[PDB]
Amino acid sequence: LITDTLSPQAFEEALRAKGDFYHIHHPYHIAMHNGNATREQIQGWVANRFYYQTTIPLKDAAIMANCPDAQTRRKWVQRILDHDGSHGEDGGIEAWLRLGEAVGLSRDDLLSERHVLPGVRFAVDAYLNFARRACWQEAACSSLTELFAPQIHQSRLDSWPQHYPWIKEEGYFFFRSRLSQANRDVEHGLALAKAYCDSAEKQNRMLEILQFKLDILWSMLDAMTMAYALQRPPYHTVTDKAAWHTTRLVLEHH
């Protein structure tokens, strides 16, 4: 715990040290990186991760709704544009659907969200709900696991083509696009954290918030592990069919 307020440089270093807990260290990621995941494991990952991807613009809109600073909103809205795109096959969500296709899944497989495991849903919804309820600065700074994301994107670009040659090359567009977007994102996110977190109290709080975000990512992979690596998807003792709920109940009727 921080007793005496860290300088902004030292606080940055403390944020960066949290990368030790990033999901690049989860066995699910490591198995994919080393060429040991099966096609079903990769498909399940893409389908489930789509739920996180389609939640990012919701979460960013939530931050904006809580942010009375127009200068910040002018910057933050670019994240929504990056994922939703402007008119057509544009943006990140579309690029993730093309990754779905590149690994053998249809657009409907992803858009229906029917494969999204409840453990994935609850972790991702925790992010959204934090963004809706916390102060905008705290919610904005919980993005800063993006500090670690270019490394993990690059890892996939480096390892997947030779372990999984069946993944269509269009599939890699999204990862490539994030090497630059994540960096532009953190330029702002860091600047904001270093400016906002100017007391030991705020610094310790922010470190716990970043841990929360790390926990969301790890928990998504835990759910995937249980369903696709360990033969223990929900209700496996009672049925061989998917029986979990498949609806964003507070945002859609059905």
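Residue numbers run from 1 along the displayed sequence.
Two stretches are in play, 143-151 and 84-92, and the higher mean C-alpha B-factor belongs to 84-92.
Set 125-133 against 173-181 and average the Cα temperature factors; 173-181 ends up higher. Between the residues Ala61, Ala47, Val186, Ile216, it is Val186 that shows the highest Cα B-factor in the PDB record. When the C-alpha B-factors of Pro57, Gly35, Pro68, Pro27 are read from the PDB record, the largest value belongs to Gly35. For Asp198, the recorded CA temperature factor ranks within the highest third of the chain's modelled residues. Compared with the other modelled residues of the chain, the Cα B-factor recorded for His23 ranks in the lowest third. Per the PDB record, residue ranking by Cα B-factor puts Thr237 in the middle third of the chain. When all modelled residues of the chain are sorted by CA temperature factor, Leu190 is found within the highest third. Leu157: CA B factor in the highest third of modelled residues in this chain (values from the PDB entry).
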